[PDB]
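Let me begin by presenting the structure, written as structure tokens, before commenting on it.
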Amino acid sequence: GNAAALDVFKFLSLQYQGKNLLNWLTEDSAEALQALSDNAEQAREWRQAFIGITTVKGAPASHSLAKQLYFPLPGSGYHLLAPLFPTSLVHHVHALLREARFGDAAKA
Amino acid sequence: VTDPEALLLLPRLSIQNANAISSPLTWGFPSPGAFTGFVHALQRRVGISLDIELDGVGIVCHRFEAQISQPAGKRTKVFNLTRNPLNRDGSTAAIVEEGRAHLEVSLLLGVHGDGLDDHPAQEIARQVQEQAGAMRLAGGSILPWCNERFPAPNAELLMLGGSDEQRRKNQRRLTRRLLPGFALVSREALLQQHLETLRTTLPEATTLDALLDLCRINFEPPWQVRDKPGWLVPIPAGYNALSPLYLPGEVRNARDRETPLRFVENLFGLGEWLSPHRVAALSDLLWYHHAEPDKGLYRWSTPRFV
Amino acid sequence: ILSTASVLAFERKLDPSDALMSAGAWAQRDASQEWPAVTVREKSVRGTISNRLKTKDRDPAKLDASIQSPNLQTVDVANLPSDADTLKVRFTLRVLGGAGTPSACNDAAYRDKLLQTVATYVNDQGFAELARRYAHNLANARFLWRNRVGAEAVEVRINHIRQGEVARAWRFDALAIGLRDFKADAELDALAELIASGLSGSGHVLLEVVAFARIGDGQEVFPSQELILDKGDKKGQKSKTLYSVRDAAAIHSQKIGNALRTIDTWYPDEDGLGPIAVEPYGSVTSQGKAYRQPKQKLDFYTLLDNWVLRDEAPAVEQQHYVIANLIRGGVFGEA
RNA sequence: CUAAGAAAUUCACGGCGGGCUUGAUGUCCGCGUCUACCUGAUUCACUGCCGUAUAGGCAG
């Protein structure tokens, strides 16, 4: 998204009690929906905003410069199969490779 | 799935700019899905006109030359790019790194259908080579062999042999023809039992970790390297679903509005490069499609191998 | 309403290969099948600093302190051998065919309207102005980019290959054919009709192009230079890397393609250049200036929408340019 | 119906200044290589003669 709005992500990303703040606002709890509040309806509005970051916004679409590939079904016909770039996968394999190449436990 | 009644051999194909980025995790030889899509486009374009069903591919890869370059003072490599045209103002466009490579593969495509007795085998092989000469394999132009020493013609081996001696003889005559290469097969049960052994050693183990362990070279304390059987590589083994399937005219900016779309993501399996006489059966080693679309799992492999 | 397709894509017709270069002697170029290749080797160059000062450091102290610290490089060169005065560049060309149908289109209404428009163009006047200029750029050796600019005699041989052998042989003199005029010759018209039959039909047409350039003994030839970023560390880094397919220098394929598409003489600015390459918003990256801007109605996109959607067929030169874009290929489409 | 579909890296360059690498040295004792065979498969398409002949025949 917009990089100047990264303060909301660093606001929600903390571990304040034992878990994530978005993980708190996603579950209905007595500690949740009241701390960022003096009235209940604006708290409901703020939480209904804050939980929607994990959902796709808009109609599903891939651009003309995105890739999409016919796959032959066994009977007949095709599916369109637009793939994406898995950034959690690349980041996890990147952390493992950086551990195996520059880690102190391997350099020893 | 289906045993091919014939096994047609496309000869050494020169491909000049293949997509060397096989997956978001692997560079190198292009994906097996490219070759299966190539033979399905061949089926789509002449497999209807000749009353056949081209199915399965044997990948050989005689010669591979990637357009990479090692920068000075680093262990890893980078890619040599191409110069894009300018925008409408004269500034340079933002470059997207695409890896190129020069291949030399031979394709063993298995053909079966009622068109075998309608036509001579040499005529249908000649027609499928003339159709292959105007296509592209993984994004690269198929160089059609002009003014060289002698063009390599095709050979459609009828798999139904009069004898087992005749079958082994004609198989050996093919294996001599595609010998300097290295056939690529999928070995997933080996990855599964390696997952089993590594989870015996240490629990909660992913098989991404097992694929990483079978990819790398790793030393052991008494220093010696740990042996690997053969040339094991990681390959993209098809796709896995993310979104539920949508209706054909529902997704915005699709490639087609008659075909349902589904957002997918890669699946990284394990392949192996063997010398072609090691398999001792060329009726297998062909890469088929396995869809089962109700759970995603649009994937390719080679059954009947081991 | 016949809205535009959101995904448009055309396959590149006129597909060339990597142009290998070799070397040998003129007047035995007929037996030039076993000529050795031109190899890319390193050489070390140095010199002082020549470019302009940044106007605040013009003092003689740091000027003389700068010319006592020359820069040190390791460049690649490709030289002819010292006993050979001919450069032999050879590549293969495929004319694919089916030059109107898009490889991807959302709307079927846009698809058959565009196919009807392309068919209207080709039965009005076939590929005989475009294929004439493509045969010109194969005739005069414009694909020899800097290897042409001082040659004593360039001779181009184009042999149409059948299933296994040479179906028809051409032979040209690329210095008699200029780099800015598209005239009429007999063999040029025969080659243009072969490229026309390729572009119209469904099968591919294969051509082998050989270009001999008589430069001189041991002079420098100029293959493509590889675009690399993230170069490394200055003790081992190379400054200029030439292209080499298999230990042999070579011009890139897309450089040959950009030479063959230099047919566009219909851009609205004056032709002090002559022909330029065919691009949407036709831009010359050596000139750094994008002709056919969208503010004038002479770029590719608006011409195609006026030709297909609202049926304003433009001048015949501009639809020549539009069909040249369609043979060029491309990826077009809004969000 | 292929992580599908598209792409100009390029213009110029002085790497030269100079030099002592030296001395000294035990390779060395010993040794069983035997055994047995068809180069011949038409393997010398030769030499000459009649005939203008290369066309065709004849001799040894």
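Residue numbers (the authors' numbering), protein chains in the order written: chain A, 110 to 217; chain B, 3 to 224, 239 to 322; chain I, 24 to 358.
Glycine included, each C-beta is placed from N, C-alpha and C at the ideal position.
Round the Cβ separation of residue i and residue j to the nearest angstrom and send it over; I've been treating them as touching at under 8 Å.
i        : j        : result
I/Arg180 : I/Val233 : 4 Å
A/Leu121 : A/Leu131 : 5 Å
B/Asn156 : B/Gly163 : At roughly 19 Å, the Cβ-Cβ gap does not stay under 8 Å, so B/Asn156 and B/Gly163 are not in contact.
B/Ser259 : A/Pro195 : The pair is not a contact, with the Cβ atoms about 14 Å apart (cut-off 8 Å).
B/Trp316 : B/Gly35  : 6 Å
B/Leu12  : B/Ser108 : 6 Å
I/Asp322 : I/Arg315 : 5 Å
I/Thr71  : I/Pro93  : 5 Å
I/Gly120 : I/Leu222 : 6 Å
B/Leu10  : B/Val130 : 7 Å
B/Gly183 : B/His64  : 4 Å
I/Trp330 : I/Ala336 : 6 Å
Check whether the Cβ atoms of residue i and residue j lie closer than 8 Å to each other.
i                      : j        : result
I/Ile286               : I/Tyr144 : no
B/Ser25                : B/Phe284 : yes
residue 225 of chain B : A/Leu189 : No atoms of residue 225 of chain B appear, because in chain B residue 224 is followed directly by 239.
I/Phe114               : I/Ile251 : no
residue 234 of chain B : B/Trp239 : Examination of chain B shows a numbering gap from 224 to 239; residue 234 of chain B is inside it and therefore has no coordinates.
B/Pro252               : B/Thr28  : yes
I/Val30                : I/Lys66  : no
B/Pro73                : I/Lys254 : yes
I/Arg284               : I/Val301 : yes
I/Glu231               : I/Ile184 : yes
I/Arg237               : I/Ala190 : no
B/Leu286               : B/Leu214 : no
Please report the distance separating the alpha-carbon of residue i from that of residue j.
i                      : j        : result
I/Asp270               : I/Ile90  : 37 Å
I/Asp256               : I/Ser262 : 11 Å
B/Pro122               : I/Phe150 : 37 Å
I/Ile299               : I/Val112 : 23 Å
B/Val62                : B/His306 : 22 Å
A/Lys119               : A/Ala113 : 12 Å
B/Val113               : B/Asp5   : 9 Å
I/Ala107               : B/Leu301 : 50 Å
I/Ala347               : I/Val268 : 30 Å
A/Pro181               : B/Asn21  : 21 Å
B/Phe279               : A/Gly184 : 21 Å
I/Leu25                : I/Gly353 : 21 Å
residue 297 of chain A : A/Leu123 : No statement about residue 297 of chain A is possible, as the shown extent of chain A runs from 110 to 217 and does not include it.
I/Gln56                : I/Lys312 : 42 Å
I/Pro125               : I/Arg35  : 11 Å
B/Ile219               : B/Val241 : 7 Å
A/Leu205               : B/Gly101 : 24 Å
B/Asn256               : I/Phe235 : 53 Å
I/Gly356               : I/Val61  : 43 Å
B/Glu266               : B/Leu277 : 8 Å
I/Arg351               : B/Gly115 : 38 Å
I/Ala154               : I/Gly239 : 33 Å
I/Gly201               : I/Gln310 : 21 Å
A/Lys128               : A/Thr135 : 12 Å
Output the boundary residues of the beta strand (DSSP E) element that contains residue i.
i        : result
B/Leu186 : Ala185 to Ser188
B/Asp166 : Taken as a continuous stretch (DSSP letters only), B/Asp166 belongs to no beta strand (DSSP E), being part of the alpha helix (DSSP H) at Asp166 to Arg179.
I/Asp99  : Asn94 to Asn102
I/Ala46  : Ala42 to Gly47
I/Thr288 : Neither: I/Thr288 is in no beta strand (DSSP E) and is coded neither H nor E.
B/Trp289 : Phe279 to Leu290
Where do the ends of the alpha helix (DSSP H) carrying residue i lie?
i                     : result
B/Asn149              : First-last for B/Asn149: undefined, no H or E at that position.
I/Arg155              : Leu153 to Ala162
A/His200              : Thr196 to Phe211
residue 55 of chain A : In the structure as shown, chain A begins at 110 and stops at 217. Residue 55 of chain A is therefore absent and cannot be evaluated.
A/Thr135              : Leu130 to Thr135
B/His306              : Counting along the chain, B/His306 falls outside any alpha helix (DSSP H), though it belongs to the beta strand (DSSP E) covering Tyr304 to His306.
I/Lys77               : First-last for I/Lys77: undefined, no H or E at that position.
Please find out if some non-hydrogen atom of the ligand NAP comes closer than 7 Å to the beta-carbon of residue i.
i       : result
I/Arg81 : Among the ligands in the structure shown, none appear at all, so the ligand NAP cannot be discussed.
_Three CB pairs or more closer than 8 Å across the region 242-250 of chain B and the region 287-303 of chain B_ = yes
_When you compare the region 70-83 of chain B with the region 96-112 of chain B, are there three or more beta-carbon pairs, one atom per stretch, that lie closer than 8 Å?_
yes
*Given 8 Å as the limit, is there contact between the region 260-273 of chain B and the region 171-181 of chain A, that is, 3 or more CB pairs closer than that?*
yes
*Can we say the region 235-251 of chain I touches the region 36-55 of chain I, given the rule of at least three CB pairs closer than 8 Å?*
yes
_For the region 192-205 of chain I against the region 160-173 of chain I, do three or more pairs of beta-carbon atoms, one drawn from each stretch, fall closer than 8 Å, so that the two count as touching?_
Judged by Cβ distances under 8 Å, the region 192-205 of chain I makes contact with the region 160-173 of chain I, as three or more pairs qualify.
*If you pair each beta-carbon of the region 127-144 of chain I with each one of the region 67-85 of chain I, do three or more pairs fall below 8 Å?*
These segments do not touch.
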